[PDB]
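Just the one chain here, the form deposited in one PDB entry, laid out as structure tokens.
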């Protein structure tokens, strides 16, 4: 609008279950940090540190509804909004062939 950006924000909860011989079918990207970044302030347009750089077309993540740009809010019921990249990677790996993730998709109107 005239006073600033309008956004559609869509929450998605998905449970991925894969073979040992395949990936979840995404690339994760975001801020590194030894412990959770307290100096980061989430905003509706950048609501979390980690997001999906890409999602493999037809892969596990794709089939469940995950898309490029989705921001990671929760991994296996733990909030990761202000959690550094390596810790989130370790949390994804902890479930093995099972990953429960809550994401927010941010689109311009």
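Numbering follows the first chain given and starts at 1. Here, rigid core means the biggest group of C-alpha atoms that superpose within 1.5 Å across both forms.
Below, we turn to the form deposited in another entry, even though it does not appear here.
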Seminar exercise, completed: Among 60, 73, 37, 55, the C-alpha that moves by 2 angstroms or more between the shown form and the other one, rigid core fixed, is that of 37
Exercise. Residue 34 and residue 82: do their C-alpha atoms lie closer or farther in that other deposited form than in the form you see, with a change of 3 Å or more?
Worked result: closer
Seminar exercise, completed: Cα of residue 37 vs residue 28, shift of 3 Å or more in that other deposited form, relative to this form: the pair sits farther
